[PDB]
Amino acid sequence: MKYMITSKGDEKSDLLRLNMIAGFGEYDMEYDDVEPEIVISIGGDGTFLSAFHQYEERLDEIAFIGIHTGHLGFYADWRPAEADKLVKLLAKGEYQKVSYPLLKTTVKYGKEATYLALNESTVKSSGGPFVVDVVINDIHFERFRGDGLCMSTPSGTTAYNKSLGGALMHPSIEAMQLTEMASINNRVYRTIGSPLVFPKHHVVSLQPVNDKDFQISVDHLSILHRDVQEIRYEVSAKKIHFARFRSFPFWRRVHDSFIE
């Protein structure tokens, strides 16, 4: 079948990419980075995120695989020594597929633009103070004033969400988690403080109070959005598909990264 391989760009990843292509050359596998069915990432989770956004238009027909040349990543969970055995099983068919939820971000101005996040999406202020009204299902919830907010996917809870005090959430749960960035709480300003976990079809809407310019990030991508009228968060109907060949539980993957 059709496949493609992306690389971190260093000596270790580039020369491992060529060995897998040569190994695939001994099989009925066609290299194609236009319409691939298998996308292989070699490097780190940052390299994997680039491979995801590079093909975020054909998610429902691509099975992603990650090989970490450095340390164990949550998406790149295949050691380089296991790459030769990876080429064989990936060629003989016969492998399962696992899917993770994604976050959909919509930004309205005064043309509406939408984005797709595998880790999280954050909103910060462009210079001045960050003040937004938080609306959950057309109901005003709180007037947040702090450094920013962060809406995370399940698999993204181990990333930026974790540093903000958020909970680690198993990827089989179709949900999204919102966390606070150094919120202000006194007599006049009051926020919830706690992280919030929203199920599918729950729409969280951020709306400006004074300044209408925001620095919005989607995974590694981050651009200053001007004259923002609304930012909408919701669990996307799209899902990212992984190719599994063995048992590597999520909590087992959490233990190796943070415990030992």
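So that the term is clear: the rigid core is the largest set of C-alpha atoms that superpose within 1.5 Å between two forms. One-based numbering along the sequence shown.
Taking the root mean square of CA deviations in 6 other deposited structures of this protein after fitting on the rigid core, 149-157 and 125-133 differ, and the farther of the two is 125-133.
The stretch that strays farther, by root mean square C-alpha distance over structures and residues in 6 other deposited structures of this protein after a rigid core fit, is 186-194, when 82-90 is set against 186-194.
Of the other structures of this protein that model both sides of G66, every one gives it coordinates; not a third omit it. The records show that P171 is included in the coordinate set of every other eligible entry of this protein, so it is not omitted in a third of them. According to the PDB entry, the deposited sequence contains 1 to 3 residues between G110 and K111 that lack coordinates. Relative to one another, 200-208 and 51-59 have unequal mean CA B-factors, and 51-59 is the one with the higher figure. Remark: stretch with higher mean C-alpha B factor among 84-92 and 186-194 is 84-92. Across the options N119, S126, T122, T106, the residue with the most elevated CA B-factor in the record is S126. The maximum CA B-factor among the listed residues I42, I38, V34, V218, taken from the PDB record, is found at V34. Ranked within its chain, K97 lands in the highest third, by CA B factor from the PDB record. Sort the chain's modelled residues by C-alpha temperature factor and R145 lands in the lowest third, per the entry. Split the chain's modelled residues into thirds by C-alpha temperature factor. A167 is in the lowest one. When the modelled residues of the chain are ordered by C-alpha B-factor, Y233 sits in the lowest third.
Per the PDB record, residue ranking by Cα B-factor puts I139 in the middle third of the chain.
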